[PDB]
Amino acid sequence: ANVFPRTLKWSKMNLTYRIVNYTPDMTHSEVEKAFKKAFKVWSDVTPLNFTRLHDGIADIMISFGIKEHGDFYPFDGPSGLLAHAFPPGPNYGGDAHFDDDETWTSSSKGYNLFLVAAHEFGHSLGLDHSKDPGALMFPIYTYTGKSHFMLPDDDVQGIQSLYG
Ligand SMILES: COCCN1CCC(C(=O)NO)(S(=O)(=O)c2ccc(OCCCn3nnc(-c4ccc(OC(F)(F)F)cc4)n3)cc2)CC1
Ligand SMILES: [Ca+2]
Ligand SMILES: [Ca+2]
Ligand SMILES: [Zn+2]
Ligand SMILES: [Zn+2]
Numbered sequence: 010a011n012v013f014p015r016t017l018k019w020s021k022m023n024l025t026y027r028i029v030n031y032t033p034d035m036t037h038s039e040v041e042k043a044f045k046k047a048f049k050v051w052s053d054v055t056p057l058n059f060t061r062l063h064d065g066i067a068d069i070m071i072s073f074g075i076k077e078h079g080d081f082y083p084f085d086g087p088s089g090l091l092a093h094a095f096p097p098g099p100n101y102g103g104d105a106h107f108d109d110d111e112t113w114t115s116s117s118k119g120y121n122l123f124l125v126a127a128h129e130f131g132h133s134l135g136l137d138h139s140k141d142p143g144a145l146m147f148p149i150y151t152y153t154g155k156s157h158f159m160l161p162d163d164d165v166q167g168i169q170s171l172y173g
């Protein structure tokens, strides 16, 4: 007899990602900057490292889409669902999809791409939603303007339980 494979954590510390396409709301550079910083949230507290591929197959494929966009978990237009992501594994594992019916920003206005991406890459690395309202992995958006960013303790303990 056999059981289904997966799912736990990446068996490798050097992971790749690809920005498959881009939102109109921010420049290529601003989007690239936001995702790089979002990955740095996680590499700053684990031995993980992330490299960007410009084409082809990466561990974490990042894309923007609307409504039904190729996984039968359709987005819903402006508001509501902002994004979703899949835990470590083959094919779709690690991938992160952002709803391009939202207004994405580098500010306290609209929805901050960096912060939402940071949350989603938590999923990409194997974290489900936290019940701690102060956690990055809490499923309610409450990002504010100032000042710097610190990964809350709940998320630090969660990610470090997987990757040390
Ligand atoms: C029933 O099934 C539906 C399930 N549903 C759940 C919701 C969604 C989801 O989670 N997808 O993955 S979402 O897309 O609506 C969605 C996506 C992303 C979200 O970001 C959550 C982030 C929570 N946070 N806010 N601020 C902060 C924050 C943390 C630290 C910090 O530094 C500090 F502390 F100041 F120093 C500053 C701010 N942390 C929220 C919602 C969709 C799927
Ligand atoms: Ca939406
Ligand atoms: Ca993949
Ligand atoms: Zn999707
Ligand atoms: Zn989530």
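Taking the numbering used here as reference, the numbering of the sequence shown is continuous, increasing by one, and the terminal residue is 173. All residues carry an ideal CB built from backbone N, CA and C; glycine is no exception.
Member of the options whose CA lies at the smallest distance from the CA of residue i
{"i": "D163", "options": "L145, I75 and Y152", "result": "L145"}
{"i": "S116", "options": "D64, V40 and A10", "result": "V40"}
{"i": "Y101", "options": "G131, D110, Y120 and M70", "result": "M70"}
{"i": "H37", "options": "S72, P14, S139 and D85", "result": "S72"}
{"i": "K21", "options": "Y82, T60 and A43", "result": "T60"}
{"i": "residue 201", "options": "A43, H63 and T114", "result": "Here the chain comprises residues numbered 10 to 173, so residue 201 is not present and cannot be evaluated."}
{"i": "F95", "options": "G89, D85, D80 and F84", "result": "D80"}
{"i": "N30", "options": "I75, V54 and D53", "result": "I75"}
{"i": "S133", "options": "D53, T55, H93 and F84", "result": "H93"}
{"i": "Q166", "options": "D53, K118, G89 and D85", "result": "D53"}
Nonlocal neighbours in the same chain, by C-beta distance under 7 Å from residue i, ignoring five residues either side
{"i": "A127", "result": "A47, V50 and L145"}
{"i": "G98", "result": "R15 and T16"}
Residue i burial status per 10 Å Cβ neighbour count (16 or more: buried)
{"i": "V125", "result": "buried"}
{"i": "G103", "result": "buried"}
{"i": "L57", "result": "buried"}
{"i": "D68", "result": "buried"}
{"i": "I168", "result": "buried"}
{"i": "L17", "result": "exposed"}
{"i": "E77", "result": "exposed"}
{"i": "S170", "result": "exposed"}
{"i": "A43", "result": "buried"}
Alpha-carbon to alpha-carbon, residue j and residue i
{"i": "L24", "j": "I66", "result": "12 Å"}
{"i": "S156", "j": "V12", "result": "47 Å"}
{"i": "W113", "j": "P87", "result": "11 Å"}
Close Cβ partners of residue i (< 8 Å) along its chain, the five nearest in sequence each way excluded
{"i": "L91", "result": "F107, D108, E111, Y120, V125 and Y150"}
{"i": "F147", "result": "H138, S139, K140 and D141"}
{"i": "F130", "result": "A47, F48, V50, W51, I69, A94 and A105"}
Contact set for residue i: own chain, Cβ-Cβ below 6 Å, skip 5 residues either direction
{"i": "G143", "result": "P161"}
{"i": "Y152", "result": "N121 and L124"}
{"i": "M35", "result": "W113"}
DSSP three-state assignment for residue i, whether helix, strand or coil
{"i": "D108", "result": "strand"}
{"i": "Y172", "result": "helix"}
{"i": "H37", "result": "helix"}
{"i": "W113", "result": "strand"}
{"i": "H132", "result": "helix"}
For ligand 7, which residues count as neighbours when the test is a C-beta closer than 7 Å to any heavy atom?
Among the ligands modelled here, namely ligand 1, ligand 2, ligand 3, ligand 4 and ligand 5, ligand 7 does not occur.
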